[PDB]
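Next up: just one chain, as structure tokens, the form deposited in one PDB entry.
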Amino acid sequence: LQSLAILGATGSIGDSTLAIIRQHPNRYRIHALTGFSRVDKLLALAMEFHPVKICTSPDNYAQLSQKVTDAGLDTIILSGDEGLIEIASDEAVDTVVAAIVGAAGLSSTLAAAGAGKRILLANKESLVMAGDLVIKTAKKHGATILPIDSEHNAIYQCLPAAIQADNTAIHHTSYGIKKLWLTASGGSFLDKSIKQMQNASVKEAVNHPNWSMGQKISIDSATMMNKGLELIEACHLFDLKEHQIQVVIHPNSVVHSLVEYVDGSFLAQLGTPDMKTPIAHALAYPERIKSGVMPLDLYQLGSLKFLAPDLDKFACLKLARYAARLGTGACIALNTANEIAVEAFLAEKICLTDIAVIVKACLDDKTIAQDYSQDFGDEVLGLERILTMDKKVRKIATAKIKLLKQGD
């Protein structure tokens, strides 16, 4: 039985993954499950699946160990990055589902790559932060990356077999891949003024017309930073530069992305917007399996809309492409500044529209710019340099926010 370790098991992507597993018992073994703050949920999950290991936050280590023994479970409890890395590199784990949010997922994804694991990547921030190093390390050590991100899974499904195996084949012109097309819902402020976007409450920003997701990706969807990060993710996943990857607004969230070929064929994946489809595809690959989604009814669709991105209004997407052109240092600055600004938005400290301001200022910061030319792709010193650069951006983005609330 394919052995599974699920990182970020307590969150949104955690839920859909687990929902597939419950439809397919005796196909997968659950070896490990991780959470951070939701101890009780993690416990509940441990009692249900009886995993060999689980990992929680350092502040919940003791408490969770006590509850686990009180429940009479044989399960090992771990904590912090330490435990994630152990689980990600664990010898008895066949497949790792990387669904931790944000930079926090970086070390363990990198560890699964280092251990030659089959990796199901939801955690898009870890490739924005360290794409060169992640991919290099995977190839070096024989790890496989299947994308879980909906768009990237669509693109992956719509690419030839040879290129799924080896992303570099995309540059052989026989295959005739011309460009990739990323679809974006345009989030909940697509048909709203800039005025209403400033005034947005958190409830308005966090809720999405078509998708039910984690908090952060919800805010990113509203600002369109999500597509920005997806732009960089696609770059590393399919070994392209930003010029080969374009973006179309599509509010229905039915078409999930396209690959354009030289003969004029656009191969696309369509589906009801539900992460169980991409997750199910990646779990069973090369096979397929029922996912438990309510399949798309083509008779009841109506009009699928398409539209050019309004880049004044969704400057995050502008900035993301700008950063993609500058390389990894600027992609770290993009991502981390974004994490800090989103935290500030959710904490009712800035306006939704200030997220773009903060992120520009950090991209255009001289102190940050100085780091834009290091070897973040170095297999021995690269990690240390990404984590250091991350700390610096957190410091400056925070300062930037303080400054903005008065004047610069």
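We call the rigid core the largest set of C-alpha positions that still match within 1.5 Å between the two forms. The first residue of the sequence shown is number 1, and the count goes up from there.
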Given 304 to 312 and 227 to 235, the range whose Cα B-factors average higher in the PDB entry:
304 to 312
Highest mean C-alpha temperature factor of the two stretches 194 to 202 and 291 to 299, which is it?
194 to 202
Tell me which of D263, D166, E151, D274 tops the list for C-alpha B factor in the record.
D166
Using the temperature factors of the C-alpha atoms in this entry, rank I386 within its chain: lowest, middle or highest third.
highest
What third of the chain, by the recorded C-alpha B-factor, contains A5?
lowest
Sorting the chain's modelled residues by C-alpha B-factor and splitting them into thirds places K140 in the highest
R394 by Cα B-factor - lowest, middle or highest third of the modelled chain
middle
Lowest, middle or highest third: where is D375 by Cα B-factor in its chain?
highest
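If you look for the form deposited in another entry, you will not find it shown, but the lines that follow are about it.
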With the core superposed, find the residue in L298, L304, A165, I194 that moves its CA 2 Å or more between this form and the one not shown.
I194
After a core superposition, would you say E348 shifts its C-alpha by at least 2 Å between this form and the one not shown?
yes
